[PDB]
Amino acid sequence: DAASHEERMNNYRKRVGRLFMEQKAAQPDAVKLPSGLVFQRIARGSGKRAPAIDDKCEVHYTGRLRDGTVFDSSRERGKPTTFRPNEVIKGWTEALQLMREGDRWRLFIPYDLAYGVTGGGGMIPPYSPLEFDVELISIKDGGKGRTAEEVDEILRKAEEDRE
């Protein structure tokens, strides 16, 4: 019945999403944080501060589903896409606060740090991990969050803690 089929499909989505996240975490240069957020660095920026929770950030991004299909991007929006960490999904909240201006990272966000069991916007199904290419162009008024030194402490610990 439709209700048992819904349960089966959500168990399927949960299982294959977990597989995706384990594969991305296993990449030789991927870094996994305690929350389950995984990232690969693409470029290192020259900025010296990360944004605070409420700093306005201009981000150039592309979002992909776990099959690789692009579902959103700055390019499609036309105008500059700006966000505060406290406005966005938890995986972005966490990543932005560990990025400085000019950083470009590939994020692999487990479903519980994205849209969870609900999904979103009619194109992100329940239980989806998400992949993003994120470049932090600028933080309005410079950045009031972590210093580069503090960011480096956190990210070095996560590299060193790799299982």
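For every residue, the number given is its place in the sequence shown, counted from 1.
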query: Comparing 57-65 with 118-126, the one whose average Cα B-factor in the PDB entry is higher; finding: 118-126
query: Which of 41-49 and 108-116 has higher mean CA B factor, as the PDB entry lists it; finding: 41-49
query: Out of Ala148, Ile139, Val16, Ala25, highest CA B-factor residue; finding: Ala148
query: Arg84 - Cα temperature factor, lowest/middle/highest third of chain; finding: middle
